[PDB]
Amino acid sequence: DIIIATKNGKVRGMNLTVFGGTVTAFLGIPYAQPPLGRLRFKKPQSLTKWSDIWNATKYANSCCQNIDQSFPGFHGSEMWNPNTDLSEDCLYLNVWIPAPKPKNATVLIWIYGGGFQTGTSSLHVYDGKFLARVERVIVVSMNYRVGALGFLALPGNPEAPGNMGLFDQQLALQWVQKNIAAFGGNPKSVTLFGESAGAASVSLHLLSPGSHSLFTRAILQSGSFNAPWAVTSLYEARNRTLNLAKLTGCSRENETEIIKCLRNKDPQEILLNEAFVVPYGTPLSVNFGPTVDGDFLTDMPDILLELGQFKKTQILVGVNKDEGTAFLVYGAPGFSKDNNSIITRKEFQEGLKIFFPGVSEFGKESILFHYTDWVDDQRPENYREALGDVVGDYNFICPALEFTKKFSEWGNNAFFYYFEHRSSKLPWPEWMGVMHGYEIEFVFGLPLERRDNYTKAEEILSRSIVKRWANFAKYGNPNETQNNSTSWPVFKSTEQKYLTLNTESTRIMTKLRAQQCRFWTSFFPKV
């Protein structure tokens, strides 16, 4: 029988067969009191104790969220939908352990993304059993509250203070410190990693003094807190909370009356109204997400970064080649998952209106001029590839590069990667290239499963990425082997070296997309 004693009671796990070896999996351990009823919208409350043996043998409930239903039956969109029942009782976590039980294992903690509105730890592309089997690390993932139930902000008031989802993540990190030794783990070797809004979350733990002792190192994939979609100003967050009151018949004169009204609504009543708290909106809109609450974030993150008031440790950062394409089919005209989506100069300018609603007519004309210095004039797909580049450069790549420079300027090793391989199994058309979030299967080693119809070059690439990530976690250096392997050099603000990751050749390069990023950091802010 597989039983571990925790500070909150005993828990029973389950064995899994992986690559001829055993992995011990504890799915669905509770780490906080269910935020139900009076607890809705408050910081998570520490768990007391159950008085029995909790059976952690099935993934628990994903948190309450809307569901992407644009393409019914399409794996490319539905693989991101939660594969468990939705519920407000969702603060659970999952632990994978190599067998035999390690003595002092390094812990990797996965934080899913989903624009702070969606996501669950129970998806198949987040299965952590291969990482525990192949690199003998312990893998942990937790559910956190998303959307208004996670980030409704009345700043100052303990009844809806903001960043409740980040406090959910933080409380799960506290659980790892207090309990992971009972599983074989070293709480002095904990590595946060996540993608998209999960990366943004990871980058925010580097700023929050409460998280500074709960982890060692960080990996940020396709995201950072300086991305334009990641942090709401103090009063925009408030102006959105008051609008959700009015939309649900909950406006009052007392703040706590607004909240106690909002505790009596159905979850579905709140979910259906989330999309209307904002006037404009883009495919990249984050209605309720992290904000400057004064507790977790004591100041605007860019200031804290510039002043060097953050955890000094090693980071690993990167982006995918075609980050923006995924958002084009969800709102730009002339784009469909079912053609090659070749578009005109008029449709390009309609797209720019969709993604830059408040930008002046001159700003849209400046973005157009900077992104149309064609190599070949036709090339009919020029405008299709320029719009994906605008969206990805503005929202993901130039944020990641700007965060890496400024972070490395304070004396810690940063390593930057550029993921350029499209997966043979990618359910989306070839014109969308290396999409947002499709490096993930490689990081979790899904191509290592020989029975899964991945190519031999995709197993080698993913065996290489898994090794480097596990090495970075263990030793702060993303090496593969000492011999016969490309060295990954540190990112430095002058040379700005990065490593490309693909199946042909991993190469060292310099100043990723510098001519495009120069536009977004030094000319667009003045429009």
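The numbering used is simple: start at 1 and walk along the sequence shown.
K.L.:
If you average the Cα B factors in the entry, which is higher, 321-329 or 255-263?
P.N.:
Comparing 255-263 with 321-329, the higher average CA B-factor belongs to 255-263.
K.L.:
Could you check which stretch, 312-320 or 93-101, carries the larger mean CA temperature factor in the entry?
P.N.:
Averaging CA B-factors over each stretch, the winner is 93-101.
K.L.:
Maximum C-alpha temperature factor per the entry, among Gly334, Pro399, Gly210, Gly185, belongs to which one?
P.N.:
Going by the entry's C-alpha B-factors, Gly334 comes out highest.
K.L.:
Per the coordinate record, which of the options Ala470, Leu27, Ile67, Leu501 holds the highest CA temperature factor?
P.N.:
The listed residue with the largest C-alpha B-factor is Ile67.
K.L.:
Mind checking which third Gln378 falls in for C-alpha B-factor across the chain?
P.N.:
Highest third.
K.L.:
Going by what the PDB entry lists, where does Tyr475 fall on CA B-factor within its chain: lowest, middle or highest third?
P.N.:
Tercile = lowest for this residue's CA B-factor.
K.L.:
Just say lowest, middle or highest third for the CA B-factor of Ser424 relative to the other modelled residues in its chain.
P.N.:
For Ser424, the deposited C-alpha B-factor lands in the middle third.
K.L.:
Divide the modelled residues of the chain into thirds by Cα B-factor and specify which third, lowest, middle or highest, holds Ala32.
P.N.:
Highest third, going by the recorded CA B-factors of the chain.
K.L.:
Consider only the C-alpha atoms of the modelled residues in this chain, order them by B-factor as the entry records it, and name the third containing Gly198: lowest, middle or highest.
P.N.:
Tercile = lowest for this residue's CA B-factor.
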